[PDB]
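What follows is a short report on a single structure.
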Amino acid sequence: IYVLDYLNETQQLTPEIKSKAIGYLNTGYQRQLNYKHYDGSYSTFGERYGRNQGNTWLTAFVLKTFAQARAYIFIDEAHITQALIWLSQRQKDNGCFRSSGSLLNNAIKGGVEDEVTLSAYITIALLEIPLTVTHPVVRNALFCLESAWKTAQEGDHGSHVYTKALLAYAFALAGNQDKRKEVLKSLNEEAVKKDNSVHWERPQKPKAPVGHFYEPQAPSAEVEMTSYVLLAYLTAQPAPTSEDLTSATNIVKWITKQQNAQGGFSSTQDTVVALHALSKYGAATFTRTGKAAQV
Amino acid sequence: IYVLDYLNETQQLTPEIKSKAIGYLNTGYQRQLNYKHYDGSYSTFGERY
Amino acid sequence: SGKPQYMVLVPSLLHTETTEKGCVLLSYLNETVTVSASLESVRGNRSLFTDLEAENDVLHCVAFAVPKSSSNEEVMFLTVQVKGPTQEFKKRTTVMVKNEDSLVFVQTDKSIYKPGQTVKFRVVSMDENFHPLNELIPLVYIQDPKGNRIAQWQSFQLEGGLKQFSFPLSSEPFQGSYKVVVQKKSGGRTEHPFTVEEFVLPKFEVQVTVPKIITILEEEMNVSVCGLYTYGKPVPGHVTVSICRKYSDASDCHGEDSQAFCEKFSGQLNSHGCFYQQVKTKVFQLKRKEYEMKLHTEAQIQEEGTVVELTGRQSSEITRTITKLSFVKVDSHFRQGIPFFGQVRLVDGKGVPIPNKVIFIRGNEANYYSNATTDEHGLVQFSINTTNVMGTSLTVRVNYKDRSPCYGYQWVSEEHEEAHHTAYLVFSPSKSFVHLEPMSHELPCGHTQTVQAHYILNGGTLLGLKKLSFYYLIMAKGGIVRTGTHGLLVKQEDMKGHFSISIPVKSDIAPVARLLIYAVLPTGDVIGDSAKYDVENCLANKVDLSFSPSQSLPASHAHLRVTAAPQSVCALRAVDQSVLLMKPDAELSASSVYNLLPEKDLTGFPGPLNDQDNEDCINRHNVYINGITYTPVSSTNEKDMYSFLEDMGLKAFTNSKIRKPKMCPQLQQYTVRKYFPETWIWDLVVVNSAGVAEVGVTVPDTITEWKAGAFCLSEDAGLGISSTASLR
Amino acid sequence: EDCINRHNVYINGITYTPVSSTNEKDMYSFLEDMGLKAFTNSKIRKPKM
Ligand SMILES: *[C@@H]1O[C@H](CO)[C@@H](O[C@@H]2O[C@H](CO)[C@@H](O[C@@H]3O[C@H](CO[C@H]4O[C@H](CO)[C@@H](O)[C@H](O)[C@@H]4O)[C@@H](O)[C@H](O)[C@@H]3O)[C@H](O)[C@H]2NC(C)=O)[C@H](O)[C@H]1NC(C)=O
Ligand SMILES: *[C@@H]1O[C@H](CO)[C@@H](O[C@@H]2O[C@H](CO)[C@@H](O)[C@H](O)[C@H]2NC(C)=O)[C@H](O)[C@H]1NC(C)=O
Ligand SMILES: *[C@@H]1O[C@H](CO)[C@@H](O)[C@H](O)[C@H]1NC(C)=O
Ligand SMILES: *[C@@H]1O[C@H](CO)[C@@H](O)[C@H](O)[C@H]1NC(C)=O
Ligand SMILES: *[C@@H]1O[C@H](CO)[C@@H](O)[C@H](O)[C@H]1NC(C)=O
Ligand SMILES: *[C@@H]1O[C@H](CO)[C@@H](O)[C@H](O)[C@H]1NC(C)=O
Ligand SMILES: *[C@@H]1O[C@H](CO)[C@@H](O)[C@H](O)[C@H]1NC(C)=O
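Residue numbers (our numbering), protein chains in the order written: chain A, 5 to 299; chain B, 18 to 66; chain C, 913 to 1640; chain D, 19 to 67.
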């Protein structure tokens, strides 16, 4: 669905690839509907026995996929509202979204296992869902965000990539301008932009090594982090500026220098979020009909 | 689908029964697409031989 | 020094365009804080924001009024916000809705009509609150026998709480009964059948005796019948009463015999008097292998040659047990900090306790095994002292259960009815629990029960406070009606149970009756205990028929008088009970009204919404236990106060310890002026301040019983459904 | 003849939990690993309920 978004925004698309993609879209949708819950979650579940559970991060993913489904095709709003009540039920006494582990393989989850980070991602997903920045759910989320924010700022270390990326993303979509200029400053100080060389990472060795060879369970999120922050970077409701957008273009250059073109990547997370980036950046950088000009 | 035809021709129909019926329509369609043939038939078949 | 503890009895079903109730409370130090219950939609936003302010020991439980909503069905947040001076608290939920309807019944003029007649019919309109109801209806029609709308009237301004129209029937008899259906703006259809048939009455009917229940040890049965005719007149006649065994041994699927033994019984009845007959069972084969038992009767007459029939007891079925005993006062919950006790009623077979049957009280996993016997009522009041395991089964049986009275049963079974129960003690880690002793029996009305409930402070008070009070409840109607409280200062470490409560059952109370009482601790601990009470329908609004008796001077000035108010109207119905004698009635009662009630009990939760989840399990929980004993950290499954909430259907919000800290499992998992009959009167009526001063058209010599339907509707008070009465 | 049987799992407070066994040699063993015996009023054998 996100490459359908891509092509529908590129202005490149055909009705036949459209037809087949609709077929596969409906197929995936109905297959997912087979996997629906009694209560409205989604997981790898043995339900029809009352003592069973759902999943959190997976359910964030299914909710965003249903968002795109509504963006293209038919989908039941009762289901998304069921998902969101389940979200509300799944929060703590006063904290935010815990991590209810019932998954087969933890390779897919690109996170720091922290309830606050789960909460942040789901809640910015729900910020894409139409509601306020002051909803009780986003509000308690924002509480967790601010806590994480202080721990990361005045802490010298905050996982250095993941929590800070999702936090910049979240508080960026909250409505924060100059604080996100501040995280821009912090991150560009933690940068490896070179005058005559293109590359984007630190020495890549982790702090808590599992396996130590090939970095098991760690996708390394190389283009993924930069893509997240750039996604946050492009956005301004009335019109973004010239500095932010030209810097966005040049980092798009550096990241397409750092991405490949074989079609698909070694994972799904960095893939879908790079796809977000390419789609909306192409929609933004140009029109769809203005095609005649002599500069 | 034929009762959807029925109601769409009766002038009696609602968007919610419509919504659910579209859901079941797509469900039956995709389930049938699971049961498609190499050559283009349909049956209770042990194909891939 | 107590942290402010706050607790609310607030139902999780928010309605549309009506009024219901929920309660609240606080305690502990300081009460100069505002609270605010903001009912908001879970999707979108429907602002119904409740701000509240009060003090401690103040449960001001008031009926809220909900306006109509937007959609059909959805749940809705309710964030309650509690602002401590040292901390800040809030909590939200998902309050669910339910598409409601007005409530209805149609009052049938008759069930027999001839070609060319006109049906007369009434209706009902009402809501959960049984104040009378005025509403439009987009949909009305009687129905054909084939499924065809008949009698339509669109969005009509029912002003009287119920409209009655009529419909002219055909002079073309298309034979069969008929039906009506109705829906409101929302479009929920509901229907009311009504027999409409025709044939000459068999001018009398047979009235017969029979054993009620049948069981194993059975040799002879009884019959007795008396002659009848119009006005209750006697008759002689003759009978040939085939009464049969059925279900012959074959597969009997029409290739074989299906009729088993038939036994005909004849006799004669005197002119004035009755006649008796006796029958047996062995000739009918009370065999172990059979299907159900049908027991039908008949009577023929003299000097005209006519028969009348009755089909009785179509399944006089012998049990796979022999007794008919049961519990009377049996509980599912208790504590090891209380020796509970109860009563059991022994009855055998037909509904009879006979004394002198010694039995055995058998408490397994209680280490309690005592005997008793049958009093004249077969009642035994056991009692169990209890310092035993969490859950336990309970049974008291006459016949010894070493080997299953009939010796094993690796084949078909037959045993004494064994009254069995399994009760689970209440989780109370402090053991300072709240105990009540329900009086589970034939519940009366117009009373106030002295239920002795018991209050346990194990661990007592350490810093705490002296003044303490609790808040017991006087509720019914599937909602929230009335409440009270009790106040009792606390000693340091006394835990007496000697306490009784007054719980009146006078008025505005339905057959539904559950209460709660509870007690809070400033240590972050609160305790509550509810019980249900099998209240019968004692009327809330007075309605009581009283009529001009069997009375000469049969002129219309015969002033029946049912009780009603100065502020009401009433739906009056003169009717002869002829066809409704020929066949019995069909719940023509407020029983039908009460079972009509959707969600009459505020209990349960739909599938999709489940509960709000919390975090309590421990991360590293291994044995870690030494000293006098060494023990793991395994588990126990028992009831919670959270479970009491989910029981009651009400929600609540507190910063305290309620949800037990259940651990979390690993993933390693498994030329005469006669007048028209059967309606002297048909009209809604406005009661004066002295009931109904009546002048209804009356006639002599109608040798008939005349039900008087009169069902009144008070604005200041509510509905009214009277018992009718025969007129002569 | 010692016994500390409580019928319930019988642990109060934050958790409810049954009884269980240990795996460690005792002072009563510390004669067994000598091999000799004695007779005593002190409390040496583990409290096997
Ligand atoms: C179960 O329900 C029953 C209904 O009442 C109870 O039955 C009782 O059982 C006792 C058993 O002792 C009977 O006691 C009698 O005692 C006299 C005197 O015998 C003495 O010596 C004998 C032999 O050593 C000894 O067993 C007795 O305890 C006496 O010390 C005897 O002559 C009798 O045969 C009989 O043993 C009661 O009379 C009897 N009550 C009756 C029959 O109503 C029984 O109590 C219940 N279960 C319990 C708690 O035991
Ligand atoms: C959130 O609630 C507001 C307030 O109810 C909705 O705005 C409208 O407000 C009027 C009353 O002033 C209502 O009668 C309308 O039904 C509301 N809708 C319209 C016409 O805008 C607002 O729409 C709601 N937003 C949602 C549903 O998310
Ligand atoms: C494709 O792009 C057009 C604008 O060019 C947009 O209006 C349309 O909604 C898109 N198709 C989708 C999202 O289905
Ligand atoms: C339903 O009926 C309309 C005419 O009233 C028709 O034009 C339309 O195609 C029908 N809907 C279908 C076939 O999807
Ligand atoms: C809370 O209780 C303390 C006493 O323990 C009191 O001094 C304080 O005023 C209270 N808070 C408020 C807002 O009154
Ligand atoms: C039992 O049978 C006899 C004769 O049939 C009869 O007189 C008697 O009334 C019947 N009923 C009872 C309770 O005895
Ligand atoms: C119940 O019996 C036990 C002995 O088994 C006794 O200790 C306890 O006090 C009794 N309970 C009461 C209060 O009668």
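For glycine and all other residues, C-beta sits at the position ideal for the given N, C-alpha and C.
Between which two residues does the beta strand (DSSP E) containing residue i stretch?
i: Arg1257(C); result: 1255-1257
i: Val978(C); result: 974-978
i: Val1545(C); result: Neither: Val1545(C) is in no beta strand (DSSP E) and is coded neither H nor E.
i: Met229(A); result: Per DSSP, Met229(A) belongs to no beta strand (DSSP E); it is in the alpha helix (DSSP H), 226-238.
i: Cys1357(C); result: First-last for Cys1357(C): undefined, no H or E at that position.
i: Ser1412(C); result: 1412-1416
i: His1104(C); result: 1102-1106
i: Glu1131(C); result: Where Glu1131(C) is concerned, there is no enclosing beta strand (DSSP E), given that its DSSP letter is neither H nor E.
i: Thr962(C); result: 960-964
Could you tell me the distance, in whole angstroms, from the CA atom of residue i to the CA atom of residue j?
i: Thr1233(C); j: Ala1331(C); result: 12 angstroms
i: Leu107(A); j: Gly40(B); result: 28 angstroms
i: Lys1145(C); j: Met1133(C); result: 28 angstroms
i: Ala278(A); j: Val256(A); result: 10 angstroms
i: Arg1257(C); j: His1245(C); result: 20 angstroms
i: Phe101(A); j: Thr1541(C); result: 39 angstroms
i: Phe1339(C); j: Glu1550(C); result: 6 angstroms
i: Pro1612(C); j: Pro1466(C); result: 6 angstroms
i: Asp1456(C); j: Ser1082(C); result: 38 angstroms
i: residue 857(C); j: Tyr33(A); result: Only positions 913 to 1640 of chain C appear in the structure, and residue 857(C) is not among them; the question remains open.
i: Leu1070(C); j: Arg1157(C); result: 55 angstroms
i: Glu51(A); j: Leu1579(C); result: 16 angstroms
Is the closest heavy atom of ligand 4 to the C-beta of residue i under 6 angstroms?
i: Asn25(B); result: yes
Hey, would you say the C-beta of residue i is under 6 angstroms away from at least one heavy atom of ligand 7?
i: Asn1297(C); result: yes
i: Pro1251(C); result: yes
State buried or exposed for residue i, treating a residue as buried only when at least 16 other CB atoms are found within 10 Å of its CB.
i: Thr230(A); result: buried
i: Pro1434(C); result: buried
i: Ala977(C); result: exposed
i: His41(A); result: buried
i: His1347(C); result: buried
i: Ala296(A); result: exposed
i: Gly1608(C); result: buried
Could you check if residue i belongs to the surroundings of ligand 2, using beta carbon to heavy atom distance under 6 angstroms?
i: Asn957(C); result: yes
Mind checking whether the beta-carbon of residue i lies closer than 6 angstroms to any heavy atom of ligand 5?
i: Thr944(C); result: yes
i: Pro1434(C); result: no
Mind checking whether the beta-carbon of residue i lies closer than 6 angstroms to any heavy atom of ligand 3?
i: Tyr6(A); result: no
i: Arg292(A); result: yes
i: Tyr76(A); result: yes
Return the first residue and the last residue of the alpha helix (DSSP H) that residue i is part of.
i: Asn38(A); result: 19-38
i: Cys1156(C); result: It is not in any alpha helix (DSSP H) - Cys1156(C) instead sits in the beta strand (DSSP E) that spans 1149-1156.
i: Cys1165(C); result: Here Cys1165(C) belongs to no alpha helix (DSSP H), and DSSP marks it neither H nor E.
i: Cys148(A); result: 140-157
i: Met988(C); result: From DSSP, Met988(C) is part of no alpha helix (DSSP H) but of the beta strand (DSSP E) over 987-995.
i: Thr253(A); result: 247-262
Less than 6 angstroms separating the Cβ of residue i from some heavy atom of ligand 6?
i: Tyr1141(C); result: no
i: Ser924(C); result: no
Please indicate yes or no: does the CB of residue i lie closer than 6 angstroms to some heavy atom of ligand 1?
i: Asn1300(C); result: no
Along the region 24-44 of chain A, what residues have a CB closer than 9 angstroms to any CB found in chain F?
-> Of the protein chains in the structure, A, B, C and D, none is chain F.
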